[PDB]
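First, one chain by itself in structure tokens, the form deposited in one PDB entry.
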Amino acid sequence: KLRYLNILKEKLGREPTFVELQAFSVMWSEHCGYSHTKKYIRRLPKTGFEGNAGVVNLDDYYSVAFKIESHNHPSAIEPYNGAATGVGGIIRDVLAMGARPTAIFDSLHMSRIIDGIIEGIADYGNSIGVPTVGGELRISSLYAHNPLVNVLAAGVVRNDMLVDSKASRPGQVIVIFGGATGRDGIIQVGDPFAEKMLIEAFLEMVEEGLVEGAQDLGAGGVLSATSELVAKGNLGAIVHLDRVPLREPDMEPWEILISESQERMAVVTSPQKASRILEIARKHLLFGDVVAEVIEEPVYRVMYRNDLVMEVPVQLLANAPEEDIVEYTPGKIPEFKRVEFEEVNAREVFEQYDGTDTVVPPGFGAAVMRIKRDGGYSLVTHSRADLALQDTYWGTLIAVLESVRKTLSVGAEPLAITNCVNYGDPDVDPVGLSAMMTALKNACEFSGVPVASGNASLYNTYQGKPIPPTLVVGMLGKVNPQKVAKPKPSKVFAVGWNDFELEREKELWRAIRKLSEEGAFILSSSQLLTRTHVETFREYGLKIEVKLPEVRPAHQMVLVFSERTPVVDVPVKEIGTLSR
């Protein structure tokens, strides 16, 4: 942080107080700051319905709010709480956009099935009543010292009730409510039962027109939520640390400001509404009070009673120093060799804990959620660190295209992407981060699917060795649930090629679309057929007998289940049956 210390020191025109130095150690961390990634993120093609990042319009009446986050470090120190708390964090993020949380995805990258990570995800989600609908279970010793835990949350919001994530005008106030504040993160055992009440309370305040802007409390606590709300609106704030409901009544002002206590929300509102907010909160049995005032002048003044605690420009907190970037010029696509990840069955794994509410049960790729009898969305998470380990550019890019395939195979049309950038050290290796970010930019360009939201985790490393570069893609699609194909007794075909050439990818797509439209069932898996598919087929009472083609690590083939032979402008070979 030294280069950034002298910058802050230059900007404040003195050494900083103690309070400042803590404010800044949180807001300019790489986690809150994105110093190495914000230029590359500006380069991504984006979407955000009518302004709102992370919200993608589905059908002119509803939108899906969706985002993926990582909780890697927390999960390595304490698997169960780490993972349970990252669910509670991501759920809260989607809540703040006004969306009722409908689905969880956990993408996991472990040297073994770490039970505590599995159950922390399961227990928390079960207790807030938000089901887990899919995710990834990627096993290899390569992640032995750095488990990756990326949780994706989604939910539905009406377009006429989207909550803005910023202040708009002086005179507004900021309410904080939810659990009380204690000395957390200066792992807390999040509670699901508090969070459920937070959900209901927030949605009820939304329904009455009370929320004009909102932002969940995460990293940085009151500090981030409140600086960010006004900073986005180009406004300032006076924040009154004494109004924050305490769980430890004898905390110092800096600890109130920076605490990372769970289940807390910020709500921007009119002062006339705040007392209704406060009343829904307490009804739920939440804590809450009016904590800050939105002021015109871009300062961020923090009071405790009438004692000044800190005052700095709002924009100086909000904008961490941006690192240079490296331009990356992709080369030729390599001959990949197999990096082995262990066969697992995510079916069996999750069954010490808690069939889902999707159109077709989990286990076959992409999950479809029903909004209306004839309206839905799909969701899937994918990554290819096996390929990315040998070629970061190409292996990343292929995860994105294989995401489109999974989305198409279920009948759905891709709408957007949320992505989680999991990486080693970008000071030491700046080019591999660039290959990763440029692979995500180009694959969005090539496929036409824009990025709605994302997250980054850098400095994932063990004794100077980095993890495999691991970008997990969560893609969202639009599909009518009445047109979703169910497994039935049928013939099985390999459709497509055993290897990969970029310029045929679009012809694979066009072929998956034709077949899905005639009502075929399709699997787009990277080793074509998994244990999870074979076991989920048994649930329907169906046995699959096939001779799987030999395929390259990167390929362009899918399996098509059909009573007739596919008729497409791509290679088609019949390889077995499923039945009985």
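Residues that one form lacks are left out of the comparison. Just count from 1 along the sequence shown to find any residue number. For the two forms, the rigid core is made up of the largest set of C-alpha atoms that agree within 1.5 Å on superposition.
Keep in mind that the form deposited in another entry is missing from the display, and what follows is about it.
No residue in 301, 347, 232, 441 other than 347 shows a CA shift of 2 angstroms or more between the shown form and the other one after fitting the rigid core. Once the cores line up, the CA of residue 48 ends up 2 angstroms or more apart between the shown form and the other one. The gap between the Cα atoms of residue 48 and residue 371 is larger in that other deposited form, by no less than 3 Å, than in this form. Cα of residue 100 to Cα of residue 48: at least 3 Å longer in that other deposited form than in the shown structure. Shifted stretches between the shown form and the other one, defined as 3+ consecutive common residues each with a CA displacement of 2 angstroms or more after rigid core fitting, are listed in sequence order as 48 to 50, 187 to 189, 342 to 347, 462 to 465.
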